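# Observations on the three-dimensional arrangement
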Amino acid sequence: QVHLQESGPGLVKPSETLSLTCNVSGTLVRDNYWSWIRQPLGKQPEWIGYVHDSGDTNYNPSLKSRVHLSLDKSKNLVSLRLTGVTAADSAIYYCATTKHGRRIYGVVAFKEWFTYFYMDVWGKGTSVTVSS
Amino acid sequence: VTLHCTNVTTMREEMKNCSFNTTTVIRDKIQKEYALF
Amino acid sequence: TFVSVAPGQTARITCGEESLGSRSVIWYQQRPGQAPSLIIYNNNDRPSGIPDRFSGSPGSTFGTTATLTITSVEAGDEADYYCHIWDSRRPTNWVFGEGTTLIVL
Ligand SMILES: *[C@@H]1O[C@H](CO)[C@@H](O[C@@H]2O[C@H](CO)[C@@H](O[C@@H]3O[C@H](CO[C@H]4O[C@H](CO)[C@@H](O)[C@H](O)[C@@H]4O)[C@@H](O)[C@H](O[C@H]4O[C@H](CO)[C@@H](O)[C@H](O)[C@@H]4O[C@H]4O[C@H](CO)[C@@H](O)[C@H](O)[C@@H]4O)[C@@H]3O)[C@H](O)[C@H]2NC(C)=O)[C@H](O)[C@H]1NC(C)=O
Ligand SMILES: *[C@@H]1O[C@H](CO)[C@@H](O[C@@H]2O[C@H](CO)[C@@H](O[C@@H]3O[C@H](CO)[C@@H](O)[C@H](O)[C@@H]3O)[C@H](O)[C@H]2NC(C)=O)[C@H](O)[C@H]1NC(C)=O
Ligand SMILES: *[C@@H]1O[C@H](CO)[C@@H](O)[C@H](O)[C@H]1NC(C)=O
């Protein structure tokens, strides 16, 4: 049994430094990798990426402008912050864990392997919309 | 001939997909073929 | 991208582009009003909690397209299926493919 709680003001003004929080359930953040998924209403989901402390802070290559992810070990909380929200940001978000996976197709010393990630579990999520 | 020769659009490392501006088979009307090197 | 199959019959789902290189396909499903889940976590390996009915193609194919075969369609298969390709040619793609919605009469 895994459950989690999110937050959000519901109505967000344009051009505002929106902040989103996601908590954990039992598993500590040090020994786990988290990921965020953004899905437009009725369309295919979009993967923001994965964030982890101590180096593994890779973000979405396409956006790479205003995304900011931070972690709070004391509070066991992970925060997602966006600066300058637009009208196209109205979508459902999901914070969930992920698991690694390895495959080798060449020489062990010539970097013929890529790590592939799959999300065993998915979060409940919270609705975020922008209006006037 | 000097090759209008650029990066690779994936093939990588020493592969440098490249263009020729060849001489064609009808002894005229040069055509801009390409191949790898 | 809507597929109509009568219950109890066989179904085929086509997703992804041509197989230039090797893949490690991951299969996902979306339920209306419920959180997603997982079905297949590798090219052919599957997790616990599901029988061996689900099948998939290996990643050693060149020039083909990833496909999913489903037989004995039940009422619980009414969900949107998504495919996630993992190619060594292109970088990691963060956008999923054209989701196929399975509807049962
Ligand atoms: C010269 O010397 C070099 C080393 O100095 C040596 O390189 C070796 O190359 C071979 C090429 O075959 C590499 O072997 C691959 O290894 C990985 C990992 O294998 C793991 O699992 C096996 C047990 O199953 C263990 O013994 C091993 O230690 C590892 O833990 C695999 O990726 C490869 O096998 C998969 O891919 C094959 C090709 O697609 C498939 O045919 C096969 O079925 C395997 O599974 C694939 O298909 C499955 C279908 O169901 C699917 O489920 C899987 O996900 C996957 O897609 C392959 O065995 C070997 O690792 C290299 N050496 C090192 C140290 O890394 C050269 O071979 C040697 N010779 C020459 C001539 O140069
Ligand atoms: C093979 O050689 C010919 C030599 O003529 C090359 O033709 C050149 O093509 C380029 C575009 O690829 C042209 O550049 C453009 O031309 C006009 C102005 O002349 C204008 O559209 C742009 O400002 C730009 O400069 C160029 O004029 C044209 N001619 C020359 C002499 O360079 C051709 O590209 C070569 N092909 C390959 C595959 O290398
Ligand atoms: C582009 O060409 C440069 C110069 O040869 C090379 O160093 C670089 O790796 C190439 N980049 C790509 C993405 O192919």
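Cut-off values and rules
Positions are assigned from 1 on a per-chain basis following the written sequence, which can diverge from the numbering of the entry; residues without coordinates are not listed. Lettering of chains starts at A and numbering of ligands starts at 1, both following the order in which they are written. A larger assembly contains the chains displayed, and the values given here are confined to that displayed part. The side-chain values count all of the structure's non-hydrogen atoms but skip hydrogen atoms and water molecules. The helix and strand labels rest on DSSP assignments: H or I over at least four residues marks a helix, E over at least two residues marks a strand, and numbering proceeds from the N terminus. Three exposure classes are used, based on accessible area relative to the maximum for each residue type with a 1.4 Å probe and protein chains only: buried under 20%, partly exposed in between, and exposed over 50%. Contacts: residue pairs with any heavy atoms within 4.5 Å of one another. All accessibility values rest on the Shrake-Rupley procedure with a 1.4 Å probe; residue burial counts only the protein chains present in the view. By the counting rule applied here, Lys and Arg register as positive and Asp and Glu as negative, while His and the ends of each chain are not counted. Every charge is mapped to an atom, namely NZ of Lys, CZ of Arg, CG of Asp or CD of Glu. Near is defined per residue: the residue qualifies when any heavy atom it owns lies within 4 Å of the molecule or strand. Put simply, buried area is the surface a 1.4 Å probe can reach on two separate parts but cannot reach once they are joined, added for both. A side-chain nitrogen of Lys or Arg and a carboxyl oxygen of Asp or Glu constitute a salt bridge if their distance falls within 4 Å. In protein, a polar contact means a hydrogen-donor-capable atom and an acceptor-capable atom, both N or O and within 3.5 Å, with residues adjacent in sequence counting only if both atoms are side-chain atoms; elsewhere, any N or O pair within 3.5 Å suffices. Three classes are used: nonpolar for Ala, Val, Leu, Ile, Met, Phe, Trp, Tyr, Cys and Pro, charged for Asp, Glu, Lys and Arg, and polar for all others, with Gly counted as polar. In this description, a disulfide is simply a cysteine sulfur pair whose atoms lie within 2.5 Å. If DSSP finds at least two bridges between two strands, the strands pair.

As summarised from the PDB record, the model derives from cryo-EM at a stated resolution of 4.5 Å.

For chain A, the count of helices and strands is 0 helices and 8 strands. By its C-alpha atoms, chain A is 55 × 30 × 30 Å across when sized along the principal axes. Taking all 132 residues of chain A together, 42% fall into the buried category. Within chain A, residue pairs in contact and separated by at least 24 positions form 53% of the contacts whose partners lie at least 6 positions apart. Just so you have it, chain A exposes about 7700 Å², and 54% of that area is on carbon and sulfur atoms. Each charge class in chain A was averaged separately, 14 positive and 10 negative side chains, and the resulting centres sit 2 Å apart.

So, about the site of ligand 2. With respect to spatial proximity, the complete set of residues near ligand 2 consists of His 4, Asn 21 and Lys 32 of chain B. Look at ligand 2: alone it shows 710 Å² of surface, and the protein chains cover 22% of it.

Time to look at the interface of chain C and chain A. Contacts between the two partners involve 21 residues from chain C and, on the opposite side, 21 residues from chain A. Summed over both sides, the interface of chain C with chain A buries roughly 2000 Å², with 64% coming from carbon and sulfur. Among the residues chain C hides against chain A, the three largest losses belong to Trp 86, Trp 94 and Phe 96 of chain C. Together they make up 37% of the total. For the pair chain C and chain A, the interface holds 0 salt bridges. Here chain C is connected to chain A by 6 residue pairs in polar contact. For the side of chain C that touches chain A, the class distribution of residues is 11 nonpolar, 9 polar and 1 charged.

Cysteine pairs can be linked by a disulfide, which is a covalent bond between their two sulfur atoms. All names here are of chain A. What the rule picks out here adds up to 3 disulfides over all chains. Across the disulfide from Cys 22 sits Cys 95; the S-S distance is 2.0 Å. Judged by the torsion about the S-S bond (85 degrees), the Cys 22/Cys 95 disulfide is right-handed. A residue pair is termed long-range when its members are at least 10 positions apart, and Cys 22 in strand 2 (residues 18-22) and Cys 95 in strand 7 (residues 91-98) qualify at 73 residues. A single burial state applies to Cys 22 and to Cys 95, both of which are buried.

What follows deals with the pairing of strand 3 (residues 33-39) of chain A. Residues and elements named next belong to chain A. With respect to burial, strand 3 is a largely interior element, 7 of its 7 residues being buried. Residues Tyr 33, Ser 35, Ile 37 and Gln 39 line one face of strand 3 and the alternating positions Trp 34, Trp 36 and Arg 38 line the opposite face, and both faces are buried. Two elements, strand 3 and strand 7, share 7 bridges in a ladder whose sense is antiparallel. Bridging across to strand 7, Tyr 33 finds its partner in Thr 98. Relative to strand 4 (residues 46-51), strand 3 runs antiparallel, the two being bridged by 5 bridges. Note on strand 4: the bridge partner recorded for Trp 34 is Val 51. The hairpin formed by strand 3 and strand 4 contains 6 residues between the paired strands, and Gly 42 there has a positive phi angle of roughly 85 degrees.

The next thing to look at is the pairing of strand 4 (residues 34-40) of chain C. Residue and element names in this part refer to chain C. Strand direction decides the pairing type here: strand 3 (residues 26-31) and strand 4, joined by 4 bridges, are antiparallel. Looking at strand 4, one finds that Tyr 28 is bridged to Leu 38. Taken together, strand 3 and the strand that follows it, strand 4, pair antiparallel across an intervening segment of 2 residues, in which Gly 33 is found at a positive phi of about 75 degrees.

What follows deals with the side chain of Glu 112 of chain A. Position of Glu 112 of chain A relative to the elements: it lies in the loop between strand 7 and strand 8 (126-130). For the buried residue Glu 112 of chain A, which engages in no salt bridge, the nearest side chain bearing the opposite charge is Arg 12 of chain B, 6.3 Å off. Setting aside residues up to four positions removed in sequence, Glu 112 of chain A forms contacts with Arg 103, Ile 104, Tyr 105, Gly 106 and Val 107 of chain A.

Turning next to the pattern of salt bridges. Residues and elements named next belong to chain C. Under the defined criterion, the tally for this structure stands at 6 salt bridges over all chains. Between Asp 87 and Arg 23 there is a salt bridge; the shortest N-O distance is 2.7 Å. Pair noted here: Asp 87 is in the loop between strand 7 (80-84) and strand 8 (100-104) and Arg 23 is in the loop between strand 2 (11-14) and strand 3, with a separation of 64 residues, a long-range link. Across this residue pair, the class does not change: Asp 87 and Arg 23 are buried. For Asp 52, the salt bridge goes to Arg 46, with nearest N and O atoms at 3.0 Å. For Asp 52, a relative accessible area of 52% corresponds to the exposed category.

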